[PDB]
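S.K.: so I pulled this structure from the PDB, and the sequence comes with it:
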Amino acid sequence: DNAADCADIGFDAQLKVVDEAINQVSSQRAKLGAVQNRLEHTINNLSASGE
Amino acid sequence: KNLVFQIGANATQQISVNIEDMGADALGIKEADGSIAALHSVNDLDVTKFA
């Protein structure tokens, strides 16, 4: 129907929002990786303190 | 009705294309013309009018 000059049927808008969903998933995964790094770090301290 | 080929991965990485040829593709002002510049491709004057 039209090129990227509508923002609701535009191609650019489409591709943008898909890429943003990707950025939200990627962000979430990134956070979780950080969190389990935090956890592991702690577990080292927990076991140490336990000794 | 311009033609948008996607060319790159991201937004706007694209081009435009157009085309026109048919029977009425003789000399084009904005339309072809009236009694001239349309028939010359479509209907030749080579009926008798050269005589």
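M.R.: Noted; the coordinates are in hand. Numbering: from 1, shown residues only, chains lettered A, B, ... in the order given.

S.K.: so what's the residue count around the residue lying closest to residue B:23 once chain neighbours are set aside?
M.R.: Counting by C-beta to C-beta, 6 or more residues apart in numbering or on different chains, residue B:42 is the residue found nearest to residue B:23 once chain neighbours are left out, at 4.4 Å. C-betas here are computed from N, CA, C, even on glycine. Around residue B:42 sit 12 other residues, with neighbours defined as other C-beta atoms under 10 Å in any protein chain shown.

S.K.: gap between residue B:42 and residue A:37?
M.R.: Distance, residue B:42 to residue A:37, by C-beta to C-beta, to the nearest Å: 76 Å.

S.K.: right, and chain B sits closest to which residue of chain A?
M.R.: residue A:12 (3.9 Å; C-beta to the nearest C-beta).

S.K.: how about the one helix or strand that residue maps to: buried residues?
M.R.: Element membership for residue A:12 (DSSP states H and E) is helix A:11-50. Neighbour counts over helix A:11-50 (16 or more other C-beta atoms under 10 Å in any protein chain shown) mark A:11-12, A:15 as buried.

S.K.: so which of these comes closest to residue B:7?
M.R.: Among those, residue A:11 lies closest to residue B:7 (C-beta to C-beta), at 12.0 Å.

S.K.: you'd agree that closest one is up against residue B:13?
M.R.: No - the criterion here is C-beta atoms under 8 Å, and residue A:11 misses it with residue B:13 at 10.5 Å.
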